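[1] how does the following fold in three dimensions:
(chains A and B, ligands or ions: 2)
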There are 2 protein chains.
Amino acid sequence: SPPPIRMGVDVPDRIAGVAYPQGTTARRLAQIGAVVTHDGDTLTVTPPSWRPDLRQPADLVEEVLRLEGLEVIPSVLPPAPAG
Amino acid sequence: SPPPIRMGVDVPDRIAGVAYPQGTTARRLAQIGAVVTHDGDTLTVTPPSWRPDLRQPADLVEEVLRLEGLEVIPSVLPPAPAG
Ligand SMILES: [Mg+2]
Ligand SMILES: [Mg+2]
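    Numbers count the residues shown, from 1 in each chain, chains lettered A, B, ... in the order given. Ligands and ions are numbered 1, 2, ... in the order given. Pasting the structure now:
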């Protein structure tokens, strides 16, 4: 098994800009074969041996977002910086 | 005496974007000759008879801001959206 990865429970929600229902991140990461443990608001995710592409929290975010679907991500224009 | 005006004690601080010291609003409004009473967090201000221009809380904001000096107002760029 690859080394474990610590990631905030709401990190996929913050990156996607979507308040996913509770347990959405943990269920998806378990669906792809990873061991998910809880420690307050921080998850510890050990990806399966056939997923060495999962090395960082960003890799885990891609798993939750692609399984939940990118079509649920809303179109929100960022604020205009004073250019 | 013109009719009394009710205004939050922090309204000049919000309009100016400046955290004025404690009691600055009530001090400046009594200086120009108004009667100031405290009802929790809301002030009740009765302008003097020689100040009929003081009819709304915005007029009271100008009195506090101009006596403290507009130079203390910082320069912050607004959050303009994508045009
Ligand atoms: Mg990936
Ligand atoms: Mg005025």
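[2] please make it C-alpha for all contacts and neighbour counts, starting now.
    Fine.
[3] measure residue A:21 to residue B:35 for me?
    54 Å (Cα to Cα, to the nearest Å).
[4] who has more neighbours, those two?
    residue B:35 (17 against 8; other Cα atoms under 10 Å in any protein chain shown).
[5] hmm, that one is touching residue B:28, no?
    No: checked against Cα atoms under 8 Å, the pair residue B:35 and residue B:28 is beyond contact range at 11.0 Å.
[6] for residue A:82, give me phi and psi.
    When read as degrees, to the nearest 10, the backbone of residue A:82 gives phi -70, psi 90.
[7] surely it touches residue B:77?
    Yes: between residue A:82 and residue B:77 there is a contact under Cα under 8 Å: 7.4 Å.
[8] in terms of helices and strands, where is the residue most central in space within chain A?
    Centroid check for chain A by Cα atoms, centre = their mean gives residue A:61 as the closest residue, at 2.8 Å. Residue A:61 is located in helix A:57-68, with elements delineated by DSSP states H and E.
[9] three-state assignment of the nearest residue to the residue nearest to the centre of chain A once chain neighbours are set aside?
    Excluding its sequence neighbours, the residue lying closest to residue A:61 (Cα to Cα, 6 or more residues apart in numbering or on different chains) is residue A:12, at 4.9 Å. What DSSP: H, G, I helix; E, B strand; the rest coil gives for residue A:12 is helix.
[10] report the separation between the closest residue to residue A:20 other than its chain neighbours and residue A:23.
    Distance criterion Cα to Cα, 6+ apart; nearest residue to residue A:20, sequence neighbours excluded, is residue A:13 at 6.0 Å. Going from residue A:13 to residue A:23 by Cα to Cα gives 11 Å.
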